[PDB]
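Read off the chains here:
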Amino acid sequence: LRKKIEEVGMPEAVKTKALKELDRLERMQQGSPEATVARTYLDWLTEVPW
Amino acid sequence: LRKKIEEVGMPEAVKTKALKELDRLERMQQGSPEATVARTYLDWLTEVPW
Amino acid sequence: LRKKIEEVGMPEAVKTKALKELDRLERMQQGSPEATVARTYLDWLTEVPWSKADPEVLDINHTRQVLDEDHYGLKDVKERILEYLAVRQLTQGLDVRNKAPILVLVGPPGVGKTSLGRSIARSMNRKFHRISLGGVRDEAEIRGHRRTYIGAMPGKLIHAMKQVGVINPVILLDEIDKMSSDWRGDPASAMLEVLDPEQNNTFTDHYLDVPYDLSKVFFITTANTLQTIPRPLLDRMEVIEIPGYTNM
Amino acid sequence: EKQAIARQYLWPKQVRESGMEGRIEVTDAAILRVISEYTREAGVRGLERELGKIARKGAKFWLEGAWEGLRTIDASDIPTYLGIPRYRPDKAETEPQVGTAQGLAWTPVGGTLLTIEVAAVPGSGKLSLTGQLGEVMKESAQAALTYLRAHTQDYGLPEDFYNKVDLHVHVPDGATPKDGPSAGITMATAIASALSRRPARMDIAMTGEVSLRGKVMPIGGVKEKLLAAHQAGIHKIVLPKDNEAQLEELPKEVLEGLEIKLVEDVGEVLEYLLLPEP
Amino acid sequence: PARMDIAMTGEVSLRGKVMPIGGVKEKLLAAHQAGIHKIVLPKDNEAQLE
Amino acid sequence: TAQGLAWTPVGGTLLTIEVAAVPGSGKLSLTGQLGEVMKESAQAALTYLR
Amino acid sequence: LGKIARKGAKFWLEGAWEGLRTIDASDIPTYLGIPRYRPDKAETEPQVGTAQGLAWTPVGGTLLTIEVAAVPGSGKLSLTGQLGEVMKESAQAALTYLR
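Residues numbered from 1 in each chain as written, not as in the entry; some residues may be left out. Chains lettered and ligands numbered in written order. Part of a larger assembly, values for the part shown. Heavy atoms only, no water.

The record lists cryo-EM as the method behind this PDB entry and 3.7 Å as its resolution.

1. Remarks on the overall build of chain D
From N to C terminus, chain D includes 7 helices and 12 strands. Considering only contacts within chain D whose residues lie at least 6 apart along the sequence, 74% involve residues at least 24 apart. The averaged location of the 40 negative side-chain charges in chain D is 5 Å from the averaged location of its 33 positive side-chain charges. (Helix = DSSP H or I, 4+ residues; strand = E, 2+ residues; numbered from the N terminus. Contact = heavy atoms within 4.5 Å. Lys, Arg positive; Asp, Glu negative; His and termini not counted. Charge placed at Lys NZ, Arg CZ, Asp CG, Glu CD.)

2. Describing the pairing of strand β2 (residues 128-131) of chain C
Residues and elements named next belong to chain C. Strand direction decides the pairing type here: β2 and strand β3 (residues 170-174), joined by 4 bridges, are parallel. Each bridged residue has a counterpart across the sheet, and for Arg-130 the counterpart in β3 is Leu-172. Regarding topology, helix α7 (residues 156-163) serves as the crossover connection from β2 to the parallel β3, and that connection is right-handed. (Pairing = 2+ DSSP bridges. Right-handed = clockwise from strand over helix to strand, strands pointing away.)

3. Some remarks on the pairing of strand β2 (residues 62-65) of chain G
Residue and element names in this part refer to chain G. Here 4 bridges tie strand β1 (residues 52-55) to β2, and the two strands are oriented antiparallel to one another. What sits directly across from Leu-54, in β2, is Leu-63. The hairpin turn running from β1 into β2, its antiparallel successor, is 6 residues long, and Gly-60 in that turn takes a positive phi close to 90°.

4. What about the UniProt feature "active site" (unreviewed entry) in chain D?
Residues and elements named next belong to chain D. The positions UniProt marks with the feature "active site" (unreviewed entry) are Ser-182 and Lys-225. The largest pairwise C-alpha distance within this set of annotated residues, which runs over 44 residues, is 10.4 Å, so the set is compact in three dimensions. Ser-182 sits in the buried class, given a relative accessible area of 16%. Beyond its immediate sequence surroundings of up to four residues, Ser-182 is in contact with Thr-207, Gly-208, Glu-209, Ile-219 and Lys-225. Tracing the backbone through its elements, the reader meets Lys-225 in helix α6 (residues 222-231). According to the relative accessible area criterion, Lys-225 is buried, its value standing at 2%. The contact partners of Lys-225, leaving out residues within four places of it in the chain, are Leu-104, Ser-182, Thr-207, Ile-219 and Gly-220. (UniProt positions renumbered as here; feature names shortened; annotations may be inferred. Buried < 20%, exposed > 50% of the residue type's maximum accessible area, 1.4 Å probe, protein only.)

5. Structural notes on the side chain of C:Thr63
Residue and element names in this part refer to chain C. By the element assignment, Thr-63 lies in helix α4 (residues 60-67). Exposure remark for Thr-63: the relative accessible area of 2% places this residue in the buried category. Within the structure, the side chain of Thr-63 is placed 2.6 Å from the backbone oxygen of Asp-59, a separation counted as a polar contact. (Polar contact = N/O pair within 3.5 Å; in protein donor to acceptor, adjacent residues only side chain to side chain.)

6. Observations concerning the domain arrangement of chain D
All names here are of chain D. Entries for chain D in the domain assignment read domain 1 (1-82) and domain 2 (100-273). In this structure, domain 1 and domain 2 have C-alpha centres spaced 39 Å apart. Roughly 360 Å² is buried in total at the junction of domain 1 and domain 2, and carbon and sulfur atoms are behind 49% of that figure. At the boundary of domain 1 with domain 2, the tally comes to 0 salt bridges. Between the two partners, domain 1 and domain 2, sit 0 residue pairs in polar contact. Of the residues in the side of domain 1 that touches domain 2, the class split is 1 nonpolar, no polar and 3 charged. (Domains from an automatic or database assignment. Buried area = accessible area lost by both parts, 1.4 Å probe. Salt bridge = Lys/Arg side-chain N within 4 Å of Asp/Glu carboxyl O. Nonpolar A, V, L, I, M, F, W, Y, C, P; charged D, E, K, R; others polar.)

7. Considerations on helix α5 (residues 184-196) of chain D
All names here are of chain D. Here α5 spans 18 Å end to end across 13 residues, near enough to the 18 Å set by a 1.5 Å rise per residue. Counted residue by residue, α5 has 13 buried out of 13 residues, so it is predominantly covered. Positive phi appears at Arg-197, one or two residues downstream of α5, with a value of about 60°. (Expected span 1.5 Å × (residues − 1).)

8. Considering the sheet that holds strand β8 (residues 166-170) of chain D
One open sheet accounts for 4 strands, arranged β3-β6-β8-β7 (chain D); its pairing is mixed. Looking at strand neighbours, the two that pair on one side only are β3 (100-101) and β7 (126-129) of chain D, the edges of this open sheet.

9. With respect to helix α6 (residues 113-123) of chain C
Residue and element names in this part refer to chain C. Here α6 has its buried residues at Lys-113, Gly-117, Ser-119, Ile-120, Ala-121 and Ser-123. Buried residues along α6 sit in contact with α4, β2, β3 and β4 (219-222). Positive phi appears at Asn-125, one or two residues downstream of α6, with a value of about 60°.

10. What about the pattern of salt bridges?
Residues and elements named next belong to chain C. Counted by the stated rule, this structure contains 31 salt bridges over all chains. Salt-bridge contacts for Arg-236 lead to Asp-196; the nearest nitrogen and oxygen are separated by 2.8 Å. One end of the pair, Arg-236, is in the loop between β4 and β5 (240-241); the other, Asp-196, is in the loop between α8 (188-194) and β4, and 40 residues separate them in sequence. Since its relative accessible area comes to 25%, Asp-196 is described here as partly exposed. Each of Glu-21, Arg-24, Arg-147 and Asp-209 takes part in one network of salt bridges that share partners.

11. Quick word on the interface of chain E and chain F
With 13 residues of chain E in contact, the opposing surface of chain F contributes 9 residues. With both sides pooled, the region where chain E packs onto chain F buries about 980 Å², and carbon together with sulfur makes up 74% of that total. The tally of links between chain E and chain F comes to 0 salt bridges. Where chain E meets chain F, there are 0 residue pairs in polar contact. Those elements giving two or more residues to the side of chain E that touches chain F turn out to be β1 (6-8) and α1 (24-31) of chain E. The element that contributes the greatest number of residues to the side of chain E that touches chain F is α1(E), accounting for 4 residues. By residue class, the composition of the side of chain E that touches chain F is 9 nonpolar, 2 polar and 2 charged.

If you want it as structure tokens, here you go:
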């Protein structure tokens, strides 16, 4: 997830919140959407072209 | 069920999510939905034909 | 309650689920919700006797005599009943299977529906019951409330079974036109299911887990509105028009 | 086709329902009696229930007394099992009626006979649209009126009725259920019978479309109009001339009762449905 | 003035014809409680007199 | 004034019609939550009368 | 073209009459229905009543034979088709010319 952020050439107005959802980690997916919506929104951030 | 997740032929990520249903349980079987929600969801994705 | 399961005769599925809810016992029985709801399901099941029947009449002539003694036949409603029972003496394949509705009753408010049902239970030589349907808030007087914890309400049908001893009563279904439920989904589904002849043999509730075999039992139904009923309750529901009464 | 559905698959289903196998037997005009009498549906639901009730009365009448194992039910005694005719056995019997134009249409749960009735008063010259009409039946009626005002020497009418006869028109289902104003020669027949004060013939249904030169223009879905006439018991149908083309793709079972009198100018549908024409 | 103790049910047409009625015996249940001794009916529901 | 017979599925009941033929202009007045089919049969009533 | 194509698959796989096939004119109403629209509207024995405008339609143009029924009577002007006034304007204008 970290490399996908740093092989797209993004604005730092993106990479700020990219590193924010890199900060929001270490939680549950099986108990709640807590790292689900985190990782999937973050992968939206990765896979749109900059 | 932990016998059946093998036995219930499934795709790979579905087997994965089924083990995650296994892991979010094993602490609730008296439970108000926290047992029954993952128990009926394990029972559904065992009894859907793959 | 451990002795109770082989104290009371059972079918295999009732026996096995009784053994199951025996097994979830033998701890604290004042809290700890698996134990208390196992005790309730063990009582509501095992105190239903089995392996015995009412006399099932095979005689419309007996039936035509018995029914014509509480009110006096009323020239149309009797012989529709006699038709339904006439195919009951001509069950296909020599097994008593229905493949047919269960004679839901509508009429004016005040005619002898109770007299009809109990009179049938005499004429069919069966044990009458009537359980809670007319104006219910959730499937706990109609159907089951789901277990593994107490707060689950038993079946009033299971109460009629714990009150009866036998395997063929006449379960009255009163005023199903106002049957409501707080449970998402109609109990009319469990109506249209159970009335097909081989669906009661495998039937459960949310209160029932292993198939509580309701197999050998004729059912009957009353209500009092001519227009409004669920659409699945117009298959396997044989509406018989009941009239009011005049001066003679 | 309904009868053959019966004898091949339906009626043995019912006498296997009621356990009476090797006990009851059933004729030609028995099934044809249940068909032309005790249902006017558009499928075969009602026939399976009525054969159910024949099966149950067979259970009782064999039950309390069991003599015969070869019960023949013919077309003379079925009211023992079922009762009164709920319908006309024949719609060849319905006696030329005044304001009645037998419509043909397709109520989309099954073919109908949308009998428009129209009542002609004395009065001031005005059209009333009862039965919850849209504009559509008003303007087709207006077209039929303008055609008729082009031709008042024929129909006995005095030449200036339109100023002195108010019109009251009743339409069951007062909008187009098929979504089509295809009751043109229907309302032409109704209005010409209503204002001519002369009875429109029963037993010949008609369907079409009229326009202001006096033209029976073509319609859509000819098969379903012919099946509605075939279910609901009518025999002669009146269709536009511009449907010779749709007509000959029809599977030749469908065509085997019907007797079509093809028209294109509205004088020719109106020479057939009125016996006292002016 | 109309008449007394004579009641009625029936459908009229815009030609003015009695189109027959359904639930005849039921109407006589609700009506012949009210004791009205002469009730007028459509001609076609002699079919439910019998 | 004319009495109305009906069935009602609450148990049987009755009706009465009350008509005030007021000095007016042909313009039909209906009161008592009178249904549209009563309006149309009123049209047919006055029309049959015409 | 789809209906031609699918019935081509039908008449093929009942049993192949060939290895390569051909369809020319009037080998169509086998493969299709009745021909829905007759050929050019010239064929049609010119009508006593009505000529035929071209017209806009917001999903692209078409023809519109505007039928007119001169009905002997009072002296008025109706307009069926539930027109606006704008046709009554144009009808009265054309009528004025003719007057």
